[PDB]
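Shown next: start36.cif, given as mmCIF, C-alpha atoms and all ligand atoms; chains and numbers go by the auth columns.
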data_entry
#
loop_
_atom_site.group_PDB
_atom_site.id
_atom_site.type_symbol
_atom_site.label_atom_id
_atom_site.label_comp_id
_atom_site.label_asym_id
_atom_site.label_seq_id
_atom_site.Cartn_x
_atom_site.Cartn_y
_atom_site.Cartn_z
_atom_site.B_iso_or_equiv
_atom_site.auth_seq_id
_atom_site.auth_asym_id
ATOM 1 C CA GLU A 1 29.301 12.230 -117.135 0.00 32 A
ATOM 2 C CA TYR A 2 28.076 14.448 -119.933 0.00 33 A
ATOM 3 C CA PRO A 3 25.054 16.598 -119.009 0.00 34 A
ATOM 4 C CA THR A 4 21.861 15.219 -120.523 0.00 35 A
ATOM 5 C CA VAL A 5 18.716 17.059 -121.539 0.00 36 A
ATOM 6 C CA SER A 6 17.040 15.736 -118.386 0.00 37 A
ATOM 7 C CA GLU A 7 19.591 17.372 -116.039 0.00 38 A
ATOM 8 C CA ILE A 8 19.424 20.882 -117.532 0.00 39 A
ATOM 9 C CA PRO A 9 16.442 23.207 -117.013 0.00 40 A
ATOM 10 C CA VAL A 10 15.549 25.249 -120.067 0.00 41 A
ATOM 11 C CA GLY A 11 17.398 28.458 -119.208 0.00 42 A
ATOM 12 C CA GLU A 12 20.505 27.002 -117.574 0.00 43 A
ATOM 13 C CA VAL A 13 23.770 26.291 -119.380 0.00 44 A
ATOM 14 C CA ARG A 14 26.336 23.671 -118.403 0.00 45 A
ATOM 15 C CA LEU A 15 29.975 23.570 -119.438 0.00 46 A
ATOM 16 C CA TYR A 16 31.867 20.324 -120.016 0.00 47 A
ATOM 17 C CA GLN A 17 35.662 20.418 -120.180 0.00 48 A
ATOM 18 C CA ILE A 18 36.829 18.161 -123.010 0.00 49 A
ATOM 19 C CA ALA A 19 40.543 18.955 -122.898 0.00 50 A
ATOM 20 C CA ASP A 20 43.011 21.577 -121.776 0.00 51 A
ATOM 21 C CA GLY A 21 41.474 24.815 -123.055 0.00 52 A
ATOM 22 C CA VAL A 22 38.475 23.208 -124.801 0.00 53 A
ATOM 23 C CA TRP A 23 34.914 22.987 -123.463 0.00 54 A
ATOM 24 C CA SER A 24 31.521 22.229 -124.846 0.00 55 A
ATOM 25 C CA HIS A 25 28.533 24.268 -123.712 0.00 56 A
ATOM 26 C CA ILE A 26 25.171 22.556 -123.314 0.00 57 A
ATOM 27 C CA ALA A 27 21.780 24.252 -123.193 0.00 58 A
ATOM 28 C CA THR A 28 18.231 22.993 -123.563 0.00 59 A
ATOM 29 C CA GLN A 29 15.353 24.334 -125.592 0.00 60 A
ATOM 30 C CA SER A 30 11.713 23.474 -126.144 0.00 61 A
ATOM 31 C CA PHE A 31 10.812 22.969 -129.794 0.00 62 A
ATOM 32 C CA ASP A 32 7.825 21.404 -131.571 0.00 63 A
ATOM 33 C CA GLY A 33 6.572 19.596 -128.469 0.00 64 A
ATOM 34 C CA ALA A 34 9.870 18.258 -127.104 0.00 65 A
ATOM 35 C CA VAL A 35 12.961 19.323 -125.188 0.00 66 A
ATOM 36 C CA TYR A 36 16.332 18.986 -126.908 0.00 67 A
ATOM 37 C CA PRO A 37 19.871 19.499 -125.665 0.00 68 A
ATOM 38 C CA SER A 38 22.193 21.526 -127.839 0.00 69 A
ATOM 39 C CA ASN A 39 25.991 21.731 -127.931 0.00 70 A
ATOM 40 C CA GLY A 40 28.429 24.449 -128.843 0.00 71 A
ATOM 41 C CA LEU A 41 32.190 24.818 -128.265 0.00 72 A
ATOM 42 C CA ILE A 42 34.519 27.118 -126.290 0.00 73 A
ATOM 43 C CA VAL A 43 38.220 27.263 -127.198 0.00 74 A
ATOM 44 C CA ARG A 44 40.848 29.126 -125.199 0.00 75 A
ATOM 45 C CA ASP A 45 42.808 31.559 -127.415 0.00 76 A
ATOM 46 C CA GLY A 46 45.665 32.879 -125.310 0.00 77 A
ATOM 47 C CA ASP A 47 43.988 34.913 -122.576 0.00 78 A
ATOM 48 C CA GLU A 48 40.717 35.144 -124.546 0.00 79 A
ATOM 49 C CA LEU A 49 38.023 32.661 -125.584 0.00 80 A
ATOM 50 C CA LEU A 50 36.648 31.738 -128.999 0.00 81 A
ATOM 51 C CA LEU A 51 32.958 30.762 -128.868 0.00 82 A
ATOM 52 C CA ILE A 52 31.430 28.341 -131.379 0.00 83 A
ATOM 53 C CA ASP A 53 27.632 28.793 -131.735 0.00 84 A
ATOM 54 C CA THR A 54 25.113 30.442 -129.432 0.00 85 A
ATOM 55 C CA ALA A 55 23.208 28.587 -126.713 0.00 86 A
ATOM 56 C CA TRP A 56 19.945 28.678 -128.746 0.00 87 A
ATOM 57 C CA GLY A 57 18.153 31.879 -127.810 0.00 88 A
ATOM 58 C CA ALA A 58 18.910 35.252 -126.240 0.00 89 A
ATOM 59 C CA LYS A 59 18.106 34.111 -122.695 0.00 90 A
ATOM 60 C CA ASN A 60 20.278 30.974 -122.951 0.00 91 A
ATOM 61 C CA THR A 61 23.109 32.944 -124.534 0.00 92 A
ATOM 62 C CA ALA A 62 23.046 35.456 -121.674 0.00 93 A
ATOM 63 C CA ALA A 63 23.320 32.528 -119.261 0.00 94 A
ATOM 64 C CA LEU A 64 26.120 31.014 -121.342 0.00 95 A
ATOM 65 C CA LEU A 65 28.194 34.191 -120.962 0.00 96 A
ATOM 66 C CA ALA A 66 27.476 34.159 -117.216 0.00 97 A
ATOM 67 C CA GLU A 67 28.560 30.512 -116.860 0.00 98 A
ATOM 68 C CA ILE A 68 31.742 31.211 -118.825 0.00 99 A
ATOM 69 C CA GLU A 69 32.553 34.166 -116.561 0.00 100 A
ATOM 70 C CA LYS A 70 31.792 32.073 -113.472 0.00 101 A
ATOM 71 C CA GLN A 71 33.712 28.921 -114.445 0.00 102 A
ATOM 72 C CA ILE A 72 36.465 30.206 -116.775 0.00 103 A
ATOM 73 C CA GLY A 73 36.707 33.951 -116.146 0.00 104 A
ATOM 74 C CA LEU A 74 38.221 34.894 -119.511 0.00 105 A
ATOM 75 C CA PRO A 75 36.519 37.218 -122.016 0.00 106 A
ATOM 76 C CA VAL A 76 34.776 35.833 -125.078 0.00 107 A
ATOM 77 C CA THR A 77 36.194 38.022 -127.849 0.00 108 A
ATOM 78 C CA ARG A 78 35.041 36.228 -131.035 0.00 109 A
ATOM 79 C CA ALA A 79 32.172 33.889 -131.879 0.00 110 A
ATOM 80 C CA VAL A 80 31.496 31.758 -134.985 0.00 111 A
ATOM 81 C CA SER A 81 28.036 30.481 -135.945 0.00 112 A
ATOM 82 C CA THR A 82 28.220 27.190 -137.858 0.00 113 A
ATOM 83 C CA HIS A 83 24.960 27.675 -139.793 0.00 114 A
ATOM 84 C CA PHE A 84 21.938 29.947 -140.090 0.00 115 A
ATOM 85 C CA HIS A 85 19.463 28.128 -137.798 0.00 116 A
ATOM 86 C CA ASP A 86 18.224 29.542 -134.468 0.00 117 A
ATOM 87 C CA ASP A 87 20.225 27.105 -132.329 0.00 118 A
ATOM 88 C CA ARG A 88 23.370 28.587 -133.884 0.00 119 A
ATOM 89 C CA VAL A 89 22.647 32.320 -134.386 0.00 120 A
ATOM 90 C CA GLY A 90 19.869 32.847 -131.828 0.00 121 A
ATOM 91 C CA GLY A 91 21.658 34.980 -129.241 0.00 122 A
ATOM 92 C CA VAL A 92 24.044 36.717 -131.645 0.00 123 A
ATOM 93 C CA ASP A 93 22.611 40.110 -130.666 0.00 124 A
ATOM 94 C CA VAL A 94 23.394 39.308 -127.005 0.00 125 A
ATOM 95 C CA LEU A 95 26.991 38.492 -127.943 0.00 126 A
ATOM 96 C CA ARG A 96 27.428 41.646 -130.037 0.00 127 A
ATOM 97 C CA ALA A 97 26.085 43.856 -127.239 0.00 128 A
ATOM 98 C CA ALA A 98 28.538 42.239 -124.819 0.00 129 A
ATOM 99 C CA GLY A 99 31.304 43.235 -127.242 0.00 130 A
ATOM 100 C CA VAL A 100 31.825 39.834 -128.890 0.00 131 A
ATOM 101 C CA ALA A 101 32.839 40.011 -132.540 0.00 132 A
ATOM 102 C CA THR A 102 30.329 37.707 -134.273 0.00 133 A
ATOM 103 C CA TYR A 103 31.301 35.812 -137.437 0.00 134 A
ATOM 104 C CA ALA A 104 29.697 33.574 -140.042 0.00 135 A
ATOM 105 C CA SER A 105 30.263 32.712 -143.675 0.00 136 A
ATOM 106 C CA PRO A 106 28.543 34.923 -146.271 0.00 137 A
ATOM 107 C CA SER A 107 26.455 31.834 -147.044 0.00 138 A
ATOM 108 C CA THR A 108 25.204 31.689 -143.458 0.00 139 A
ATOM 109 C CA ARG A 109 24.620 35.459 -143.282 0.00 140 A
ATOM 110 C CA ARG A 110 22.654 35.336 -146.554 0.00 141 A
ATOM 111 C CA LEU A 111 20.400 32.494 -145.375 0.00 142 A
ATOM 112 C CA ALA A 112 19.886 33.978 -141.907 0.00 143 A
ATOM 113 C CA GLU A 113 18.705 37.231 -143.482 0.00 144 A
ATOM 114 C CA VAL A 114 16.294 35.377 -145.789 0.00 145 A
ATOM 115 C CA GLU A 115 14.925 33.345 -142.866 0.00 146 A
ATOM 116 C CA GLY A 116 14.596 36.241 -140.431 0.00 147 A
ATOM 117 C CA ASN A 117 17.227 34.945 -137.997 0.00 148 A
ATOM 118 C CA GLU A 118 19.940 36.983 -136.292 0.00 149 A
ATOM 119 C CA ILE A 119 22.875 37.888 -138.528 0.00 150 A
ATOM 120 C CA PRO A 120 26.518 37.700 -137.352 0.00 151 A
ATOM 121 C CA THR A 121 28.340 40.921 -138.118 0.00 152 A
ATOM 122 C CA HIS A 122 31.554 39.698 -139.771 0.00 153 A
ATOM 123 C CA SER A 123 32.086 37.386 -142.726 0.00 154 A
ATOM 124 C CA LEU A 124 34.314 34.318 -142.882 0.00 155 A
ATOM 125 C CA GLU A 125 35.811 34.347 -146.366 0.00 156 A
ATOM 126 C CA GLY A 126 37.368 31.375 -148.093 0.00 157 A
ATOM 127 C CA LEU A 127 34.740 28.732 -147.236 0.00 158 A
ATOM 128 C CA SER A 128 32.281 28.809 -150.148 0.00 159 A
ATOM 129 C CA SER A 129 33.499 25.632 -151.924 0.00 160 A
ATOM 130 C CA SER A 130 33.148 22.111 -150.483 0.00 161 A
ATOM 131 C CA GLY A 131 36.449 21.018 -148.952 0.00 162 A
ATOM 132 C CA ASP A 132 37.555 24.596 -148.147 0.00 163 A
ATOM 133 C CA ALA A 133 39.357 25.150 -144.848 0.00 164 A
ATOM 134 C CA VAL A 134 40.538 28.352 -143.173 0.00 165 A
ATOM 135 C CA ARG A 135 42.414 28.965 -139.969 0.00 166 A
ATOM 136 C CA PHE A 136 40.596 30.992 -137.315 0.00 167 A
ATOM 137 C CA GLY A 137 42.921 31.388 -134.355 0.00 168 A
ATOM 138 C CA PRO A 138 43.024 28.166 -132.331 0.00 169 A
ATOM 139 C CA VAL A 139 40.653 26.291 -134.656 0.00 170 A
ATOM 140 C CA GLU A 140 40.352 25.358 -138.290 0.00 171 A
ATOM 141 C CA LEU A 141 37.004 25.998 -139.970 0.00 172 A
ATOM 142 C CA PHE A 142 35.925 23.485 -142.636 0.00 173 A
ATOM 143 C CA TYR A 143 33.079 23.602 -145.158 0.00 174 A
ATOM 144 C CA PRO A 144 32.385 19.935 -146.032 0.00 175 A
ATOM 145 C CA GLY A 145 29.545 20.606 -148.474 0.00 176 A
ATOM 146 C CA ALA A 146 25.795 20.658 -147.996 0.00 177 A
ATOM 147 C CA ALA A 147 24.475 18.317 -145.316 0.00 178 A
ATOM 148 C CA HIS A 148 22.151 19.338 -142.506 0.00 179 A
ATOM 149 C CA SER A 149 22.079 22.696 -144.315 0.00 180 A
ATOM 150 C CA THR A 150 23.831 24.103 -147.359 0.00 181 A
ATOM 151 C CA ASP A 151 26.048 26.356 -145.216 0.00 182 A
ATOM 152 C CA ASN A 152 26.979 24.074 -142.328 0.00 183 A
ATOM 153 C CA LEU A 153 30.582 24.381 -141.107 0.00 184 A
ATOM 154 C CA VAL A 154 32.522 22.046 -138.866 0.00 185 A
ATOM 155 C CA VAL A 155 35.254 23.138 -136.471 0.00 186 A
ATOM 156 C CA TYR A 156 38.500 21.336 -135.627 0.00 187 A
ATOM 157 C CA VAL A 157 40.734 22.122 -132.627 0.00 188 A
ATOM 158 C CA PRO A 158 44.183 20.850 -133.685 0.00 189 A
ATOM 159 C CA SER A 159 45.768 21.151 -130.243 0.00 190 A
ATOM 160 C CA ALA A 160 43.176 18.857 -128.638 0.00 191 A
ATOM 161 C CA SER A 161 42.057 16.656 -131.573 0.00 192 A
ATOM 162 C CA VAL A 162 38.473 17.846 -131.025 0.00 193 A
ATOM 163 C CA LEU A 163 36.120 17.863 -134.020 0.00 194 A
ATOM 164 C CA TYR A 164 32.899 19.815 -133.483 0.00 195 A
ATOM 165 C CA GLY A 165 30.503 18.564 -136.127 0.00 196 A
ATOM 166 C CA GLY A 166 27.550 20.781 -135.419 0.00 197 A
ATOM 167 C CA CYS A 167 24.152 19.697 -136.727 0.00 198 A
ATOM 168 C CA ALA A 168 25.690 17.815 -139.646 0.00 199 A
ATOM 169 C CA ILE A 169 26.684 15.104 -137.129 0.00 200 A
ATOM 170 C CA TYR A 170 24.223 13.079 -135.044 0.00 201 A
ATOM 171 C CA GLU A 171 24.847 11.451 -131.683 0.00 202 A
ATOM 172 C CA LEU A 172 24.680 7.654 -131.482 0.00 203 A
ATOM 173 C CA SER A 173 21.382 7.519 -129.602 0.00 204 A
ATOM 174 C CA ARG A 174 19.594 9.372 -132.433 0.00 205 A
ATOM 175 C CA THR A 175 18.385 6.788 -134.955 0.00 206 A
ATOM 176 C CA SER A 176 16.075 8.976 -137.051 0.00 207 A
ATOM 177 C CA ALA A 177 16.789 12.210 -138.870 0.00 208 A
ATOM 178 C CA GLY A 178 16.152 15.501 -137.113 0.00 209 A
ATOM 179 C CA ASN A 179 15.080 18.703 -138.860 0.00 210 A
ATOM 180 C CA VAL A 180 15.948 17.986 -142.502 0.00 211 A
ATOM 181 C CA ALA A 181 13.791 20.729 -144.036 0.00 212 A
ATOM 182 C CA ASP A 182 16.903 22.656 -145.149 0.00 213 A
ATOM 183 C CA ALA A 183 19.110 19.598 -145.699 0.00 214 A
ATOM 184 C CA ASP A 184 20.670 18.173 -148.833 0.00 215 A
ATOM 185 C CA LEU A 185 20.044 14.496 -148.187 0.00 216 A
ATOM 186 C CA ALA A 186 21.645 13.501 -151.486 0.00 217 A
ATOM 187 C CA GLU A 187 24.957 15.215 -150.666 0.00 218 A
ATOM 188 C CA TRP A 188 25.073 14.646 -146.909 0.00 219 A
ATOM 189 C CA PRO A 189 26.987 11.303 -146.931 0.00 220 A
ATOM 190 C CA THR A 190 29.479 12.768 -149.416 0.00 221 A
ATOM 191 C CA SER A 191 29.982 15.798 -147.174 0.00 222 A
ATOM 192 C CA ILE A 192 30.512 13.499 -144.185 0.00 223 A
ATOM 193 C CA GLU A 193 33.103 11.553 -146.147 0.00 224 A
ATOM 194 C CA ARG A 194 34.954 14.820 -146.770 0.00 225 A
ATOM 195 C CA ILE A 195 35.086 15.374 -143.006 0.00 226 A
ATOM 196 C CA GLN A 196 36.485 11.884 -142.445 0.00 227 A
ATOM 197 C CA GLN A 197 39.096 12.362 -145.181 0.00 228 A
ATOM 198 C CA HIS A 198 40.165 15.757 -143.806 0.00 229 A
ATOM 199 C CA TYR A 199 40.201 14.964 -140.049 0.00 230 A
ATOM 200 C CA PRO A 200 41.053 11.249 -139.727 0.00 231 A
ATOM 201 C CA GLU A 201 43.107 11.995 -136.600 0.00 232 A
ATOM 202 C CA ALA A 202 40.113 13.374 -134.678 0.00 233 A
ATOM 203 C CA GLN A 203 39.783 11.831 -131.228 0.00 234 A
ATOM 204 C CA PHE A 204 36.712 13.606 -129.780 0.00 235 A
ATOM 205 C CA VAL A 205 33.695 14.213 -132.002 0.00 236 A
ATOM 206 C CA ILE A 206 30.949 16.515 -130.737 0.00 237 A
ATOM 207 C CA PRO A 207 27.523 16.450 -132.439 0.00 238 A
ATOM 208 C CA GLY A 208 25.247 19.465 -132.619 0.00 239 A
ATOM 209 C CA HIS A 209 22.919 17.846 -130.088 0.00 240 A
ATOM 210 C CA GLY A 210 23.714 15.137 -127.552 0.00 241 A
ATOM 211 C CA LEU A 211 26.610 13.013 -126.369 0.00 242 A
ATOM 212 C CA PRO A 212 30.133 13.252 -127.805 0.00 243 A
ATOM 213 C CA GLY A 213 31.959 10.238 -129.144 0.00 244 A
ATOM 214 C CA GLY A 214 34.630 9.333 -131.648 0.00 245 A
ATOM 215 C CA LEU A 215 34.829 9.339 -135.428 0.00 246 A
ATOM 216 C CA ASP A 216 32.220 6.559 -135.466 0.00 247 A
ATOM 217 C CA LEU A 217 29.608 9.318 -135.100 0.00 248 A
ATOM 218 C CA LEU A 218 30.330 10.114 -138.748 0.00 249 A
ATOM 219 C CA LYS A 219 29.471 6.653 -140.059 0.00 250 A
ATOM 220 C CA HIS A 220 26.513 6.537 -137.675 0.00 251 A
ATOM 221 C CA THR A 221 25.211 9.806 -139.141 0.00 252 A
ATOM 222 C CA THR A 222 25.654 8.595 -142.713 0.00 253 A
ATOM 223 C CA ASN A 223 23.730 5.425 -141.815 0.00 254 A
ATOM 224 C CA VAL A 224 20.874 7.438 -140.293 0.00 255 A
ATOM 225 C CA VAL A 225 20.724 9.838 -143.250 0.00 256 A
ATOM 226 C CA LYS A 226 20.660 6.951 -145.724 0.00 257 A
ATOM 227 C CA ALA A 227 17.925 5.172 -143.765 0.00 258 A
ATOM 228 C CA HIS A 228 15.879 8.379 -143.892 0.00 259 A
ATOM 229 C CA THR A 229 16.563 8.800 -147.566 0.00 260 A
ATOM 230 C CA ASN A 230 15.090 5.329 -148.017 0.00 261 A
ATOM 231 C CA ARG A 231 11.892 6.122 -146.084 0.00 262 A
HETATM 232 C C1 LIG B . 18.047 17.277 -132.860 0.00 301 A
HETATM 233 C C2 LIG B . 16.554 17.592 -132.986 0.00 301 A
HETATM 234 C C3 LIG B . 16.197 18.532 -134.137 0.00 301 A
HETATM 235 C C4 LIG B . 14.679 18.703 -134.197 0.00 301 A
HETATM 236 N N1 LIG B . 16.820 19.827 -133.929 0.00 301 A
HETATM 237 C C5 LIG B . 16.422 20.756 -133.073 0.00 301 A
HETATM 238 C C6 LIG B . 17.298 21.833 -133.191 0.00 301 A
HETATM 239 N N2 LIG B . 18.189 21.499 -134.113 0.00 301 A
HETATM 240 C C7 LIG B . 17.900 20.287 -134.561 0.00 301 A
HETATM 241 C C8 LIG B . 18.697 19.564 -135.645 0.00 301 A
HETATM 242 O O1 LIG B . 18.196 18.606 -136.303 0.00 301 A
HETATM 243 O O2 LIG B . 19.870 19.949 -135.885 0.00 301 A
HETATM 244 ZN ZN ZN B . 20.141 23.486 -138.030 0.00 302 A
HETATM 245 ZN ZN ZN B . 20.220 21.910 -134.751 0.00 303 A
#

Is it possible to express this structure as structure tokens?
Amino acid sequence: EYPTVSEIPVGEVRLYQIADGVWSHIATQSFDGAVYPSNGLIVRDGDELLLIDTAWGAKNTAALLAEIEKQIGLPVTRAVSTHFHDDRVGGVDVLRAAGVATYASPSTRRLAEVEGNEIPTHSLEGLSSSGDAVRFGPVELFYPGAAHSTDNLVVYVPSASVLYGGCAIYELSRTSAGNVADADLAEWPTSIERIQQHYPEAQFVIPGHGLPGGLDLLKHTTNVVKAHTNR
């Protein structure tokens, strides 16, 4: 069973093996009066690991690296943040000090600097236009357009048919919008449709927060965004 926000003390990180060489990482964080789970991805890259997103904070990201060393025992050599928010770049300094090469699009680095969040060192070129995709080792990076944020990327693992949607994709149990302060509500369904059109073969869909599912998380998210738009 997938670890839920109830089973994880703020400060611990769980790993969940989705497929051969693919895991999600799950942390918890307190925010605005509540506790939320948060997902990222780990993808084996030969004898190294590619990390997708921090574990939401320096303390959680330290624990994430410890859990990876304990349960997998391969070095994290590169990390990609999928947008500029704290649940995605909070902990980047921890990764860089541990020798991880940290990456984000110039869009994400720009917005993180404006916001005062941690800034990944390296830039991912070739993702500034909606529908752009670039290979990054064992994953493909995709910019679907503005959704949860203007810079949000999704990540596809071709070998395992795993689509990591990040915060642009909601889990089924979430029936109201989350933090939409930086969102483009008007474009979000269109951006989700680009994901569906580009990855129709996806078998495992991982939202930014909560339980994984299939491609039906995409239509669920569009439904929730439209309902919010209409409120
Ligand atoms: C999922 C709950 C909301 C508040 N949230 C917390 C952190 N990130 C988000 C998001 O919307 O992506
Ligand atoms: Zn966000
Ligand atoms: Zn988020």

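For residue A:198, the residues within 9 Å (counting all atoms listed in the file, excluding itself and residues fewer than 5 positions away along the chain) are residues 113, 114, 178, 179, 180, 183, 185, 238, 239 and 240 of chain A.
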
Translate the PyMOL selection byres (((not hetatm)) within 8 of (chain A and resi 303)), as applied to the file shown, into an explicit residue set as a list in words. residues 69, 116, 117, 118, 119, 197, 198, 209, 210, 239 and 240 of chain A

So which residues touch stretch 219-226 of chain A within 7 Å, counting all atoms listed in the file, skipping near sequence neighbours fewer than 6 positions away, as a short mmCIF file (atom, residue, chain, number, x, y, z; two decimals) with C-alpha atoms, in the coordinates of the input?
data_model
loop_
_atom_site.label_atom_id
_atom_site.label_comp_id
_atom_site.auth_asym_id
_atom_site.auth_seq_id
_atom_site.Cartn_x
_atom_site.Cartn_y
_atom_site.Cartn_z
CA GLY A 162 36.45 21.02 -148.95
CA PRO A 175 32.38 19.93 -146.03
CA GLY A 176 29.54 20.61 -148.47
CA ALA A 177 25.80 20.66 -148.00
CA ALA A 178 24.48 18.32 -145.32
CA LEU A 249 30.33 10.11 -138.75
CA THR A 253 25.65 8.60 -142.71
#

Looking at only C-alpha atoms and all ligand atoms, which of A:201, A:33, A:174, A:47 is the one that sits closest to ligand ZN 302 (chain A)? A:201

Which residue is closest to residue A:228? Choose from A:91, A:256, A:251, A:173 and count all atoms listed in the file. A:173

Could you name the residues that touch residue A:108 at 9 Å or less, counting only C-alpha atoms, but leaving out those on the same chain fewer than 2 positions away, as a PDB file with C-alpha atoms, in the frame of the given file?
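Output (part-v9.pdb):
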ATOM      1  CA  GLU A  79      40.717  35.144-124.546  1.00  0.00           C
ATOM      2  CA  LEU A  80      38.023  32.661-125.584  1.00  0.00           C
ATOM      3  CA  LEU A  81      36.648  31.738-128.999  1.00  0.00           C
ATOM      4  CA  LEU A  82      32.958  30.762-128.868  1.00  0.00           C
ATOM      5  CA  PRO A 106      36.519  37.218-122.016  1.00  0.00           C
ATOM      6  CA  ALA A 110      32.172  33.889-131.879  1.00  0.00           C
ATOM      7  CA  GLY A 130      31.304  43.235-127.242  1.00  0.00           C
ATOM      8  CA  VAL A 131      31.825  39.834-128.890  1.00  0.00           C
ATOM      9  CA  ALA A 132      32.839  40.011-132.540  1.00  0.00           C
ATOM     10  CA  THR A 133      30.329  37.707-134.273  1.00  0.00           C
TER      11      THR A 133
END

Skipping near chain neighbours, those fewer than 4 positions away, what residues fall within 9 Å of residue A:143 using all atoms listed in the file, listed as a ChimeraX atom specification? /A:114-117,120,138-139,147-151

My list of candidates is A:136, A:102, A:159, A:252. Which is closest to ligand LIG 301 (chain A) when distances are computed with only C-alpha atoms and all ligand atoms?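 For ligand LIG 301 (chain A), the nearest of the given residues is A:252.
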
Separation of atom CA of residue A:68 and atom CA of residue A:36, in Å?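 Those two atoms sit 4.9 Å apart.
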
So that all listed atoms of ligand LIG 301 (chain A) fit with 3 Å spare on each side, what axis-aligned box centre and edge lengths in Å, to one decimal, would you give as JSON?
{"center_x": 17.3, "center_y": 19.6, "center_z": -134.6, "size_x": 11.2, "size_y": 10.6, "size_z": 9.4}

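For the choices A:52, A:231, A:196, A:245, the atom-to-atom distance to ligand ZN 302 (chain A) is smallest for A:196 when using all atoms listed in the file.
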
Translate the PyMOL selection byres (((chain A and resi 97) around 12) and not hetatm) into a concrete residue list for this structure, as a list in words.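 With the shown file as input, the PyMOL selection byres (((chain A and resi 97) around 12) and not hetatm) matches residues 42, 43, 44, 45, 46, 56, 86, 90, 91, 92, 93, 94, 95, 96, 98, 99, 100, 101, 102, 103, 104, 105, 106, 107, 125, 126 and 129 of chain A.
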
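Between atom CA of residue A:38 and atom CA of residue A:59 lies a distance of 9.5 Å.
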
Pick from A:53, A:158, A:214, A:233, whichever lies nearest to ligand LIG 301 (chain A) using only C-alpha atoms and all ligand atoms: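 The shortest atom-to-atom distance to ligand LIG 301 (chain A) comes from A:214.
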
Using only C-alpha atoms, which of the listed residues (A:172, A:217, A:66, A:188) sits closest to residue A:156?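 Ranking A:172, A:217, A:66, A:188 by distance to residue A:156, first place goes to A:172.
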
Starting from the displayed file, determine the output of the PyMOL selection byres (((chain A and resi 171) around 12) and not hetatm) and express the residue list as a PyMOL selection string. chain A and resi 74+81+83+111+155+157-158+163-170+172-174+184-195+229-230
